[PDB]
């Protein structure tokens, strides 16, 4: 796993693969969840522990939390998605802020039954996960963390759902239904591959 190698071996270097992926992924995933951190303010927060701009207290805290959640997801690569894992992600994400189980079980079982994981598998997983809506809040962001995990674990294109096309993301999700994931598949396919965009950082 050439990409994963560089990624895991650069965690404590600024402008490194790990920190670029972290910054980019979180900027977009958080902004889609309503965060008001600019890309500059997010870097300042992550690198220097300094808050700037106008934010709800929840935005500040969840943004800080999303940093720990990202690290946990990278640390957990190749671990099975379980209830403990998903609950832990959600609990970390909302720390210090203001028939689900059977359906989730069925989804996870379906996922690990696949001969191979593809972007199509990941899109179907994402839609079904969001349709289940297992948590009271934060389902979108938890689902996107899981998409990232699944892309990294299987050496697939790293497609970062983007603020620039956030409308396309949520509207393509809404346009899916059980048995039809084409709108989301097409959206994800339209996205640039992070690995290629930043090939200079790892190959």
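Positions refer to the first chain, counted from 1.
K.L.:
Just how many deposited residues go unmodelled from residue 98 to residue 99: none, 1 to 3, 4 to 9, or 10 or more?
P.N.:
The entry leaves 10 or more residues without coordinates here.
K.L.:
According to the deposited model, is the average Cα temperature factor higher in 152-160 or in 130-138?
P.N.:
If you average the C-alpha B-factors of 152-160 and of 130-138, the larger mean comes out for 152-160.
K.L.:
When the C-alpha temperature factors are averaged for each of 183-191 and 5-13, which stretch ends up with the higher value in the entry?
P.N.:
Mean CA B-factor is higher for 5-13.
K.L.:
Sorting the chain's CA B-factors, does residue 39 end up in the lowest, middle or highest third?
P.N.:
Highest third - that is where residue 39 ends up once the chain's C-alpha B-factors are sorted.
K.L.:
Name the third of the chain's ranked CA B-factors that contains residue 122, choosing lowest, middle or highest.
P.N.:
According to the entry, residue 122 has a C-alpha B-factor in the chain's lowest third.
K.L.:
Classify residue 73 as lowest, middle or highest third according to the C-alpha B-factor given in the PDB entry, relative to its own chain.
P.N.:
Middle third - that is where residue 73 ends up once the chain's C-alpha B-factors are sorted.
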